[PDB]
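Chemist:
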Amino acid sequence: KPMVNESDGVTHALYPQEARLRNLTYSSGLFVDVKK
Amino acid sequence: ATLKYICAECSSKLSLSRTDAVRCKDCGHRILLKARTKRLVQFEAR
Amino acid sequence: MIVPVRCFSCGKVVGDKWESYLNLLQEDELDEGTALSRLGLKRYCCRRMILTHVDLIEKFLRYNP
Ligand SMILES: [Zn+2]
Ligand SMILES: [Zn+2]
Numbered sequence: 099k100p101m102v103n104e105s106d107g108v109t110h111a112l113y114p115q116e117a118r119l120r121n122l123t124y125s126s127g128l129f130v131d132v133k134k
Numbered sequence: 025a026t027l028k029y030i031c032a033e034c035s036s037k038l039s040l041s042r043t044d045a046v047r048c049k050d051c052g053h054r055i056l057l058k059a060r061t062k063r064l065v066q067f068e069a070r
Numbered sequence: 001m002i003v004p005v006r007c008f009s010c011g012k013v014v015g016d017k018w019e020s021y022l023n024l025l026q027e028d029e030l031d032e033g034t035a036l037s038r039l040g041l042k043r044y045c046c047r048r049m050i051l052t053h054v055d056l057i058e059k060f061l062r063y064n065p
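Which chain is which? The protein sequence lines are B, L and J, in order.
With the authors' numbering applied, the first sequence covers 99 to 134.
With the authors' numbering applied, the second sequence covers 25 to 70.
With the authors' numbering applied, the third sequence covers 1 to 65.
1) Grab the span of the alpha helix (DSSP H) containing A117 (chain B) for me, first residue to last.
2) For ligand 1, is there any heavy atom lying closer than 7 Å to the beta carbon of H53 (chain L)?
3) For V3 (chain J) and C46 (chain J), which I take to be in contact (beta-carbon distance under 8 Å), what is that distance rounded to the nearest angstrom?
4) To the nearest angstrom, report how far apart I57 (chain J) and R70 (chain L) are at their CA atoms.
5) Could you tell me which residues DSSP puts in a beta bridge with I30 (chain L)?
6) Interface residues of chain L around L119 (chain B) at Cβ under 7 Å?
7) Count the other CB atoms, across all protein chains shown, that sit within 10 Å of the CB of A45 (chain L); report buried if there are 16 or more and exposed otherwise.
8) Around the Cβ of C31 (chain L), are there at least 16 other Cβ atoms within 10 angstroms (buried) or fewer (exposed)?
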């Protein structure tokens, strides 16, 4: 679900209302089991 | 006696100066408004 | 979006009648057509004013600080 990885802070569970005001991008993390 | 900024959610008169981060006393919510002017304003009542 | 004080058309006061009207509906279980006549709103210029208002202010209030 949406997250905001900003330096000087954790990673906030981002929300619409805020991404708009802050000019961020209401996106999220893409993870895949890379096997070697 | 006075104030300056505010927290969008946990509406709490806050404020500070340069390099004082841009967070709040509790709510991380890094938004912050800038509460009204003291110089009262007047209006045409029409 | 709050009841208009006075009707655009003739200017007859109507700011007060809001709450009264909302009752003549809910409580006194009447029909708009009559509730309006009850509040003394004669011609359509005054009628259309109340009958049509959309008290948005309420959804506004429901926000927070
Ligand atoms: Zn806060
Ligand atoms: Zn009228």
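Note that beta-carbon positions come from the ideal geometry of N, C-alpha and C, so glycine has one too.
Modeler: Considering the structure as presented:
1) By one-based count along the first sequence, residue 117 (chain B) stands at place 19. From DSSP, the alpha helix (DSSP H) with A117 (chain B) extends over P114 to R120.
2) Here residue 53 (chain L) corresponds to residue number 29 of the second sequence, with the count starting at 1. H53 (chain L) Cβ: within cutoff of ligand 1.
3) One-based indexing of the third sequence puts residue 3 (chain J) at position 3. One-based indexing of the third sequence puts residue 46 (chain J) at position 46. Distance from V3 (chain J) to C46 (chain J) at the Cβ level is roughly 12 Å; contact not present, criterion being Cβ atoms closer than 8 Å.
4) Here residue 57 (chain J) refers to the residue found at position 57 of the third sequence. Here residue 70 (chain L) refers to the residue found at position 46 of the second sequence. Going by the C-alpha atoms only, they are around 21 Å apart.
5) For this step, residue 30 (chain L) is matched to residue 6 along the second sequence. Partner(s): L:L57.
6) Residue mapping note: residue 119 (chain B) aligns to position 21 of the first sequence, counting from 1. Using a Cβ-Cβ cut-off of 7 Å, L119 (chain B) is close to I55 of chain L, given in chain order.
7) Here residue 45 (chain L) corresponds to residue number 21 of the second sequence, with the count starting at 1. Classification for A45 (chain L): exposed.
8) The residue labelled residue 31 (chain L) in the question sits at position 7 within the second sequence. Its Cβ being crowded by 16 or more others within 10 Å, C31 (chain L) is buried.
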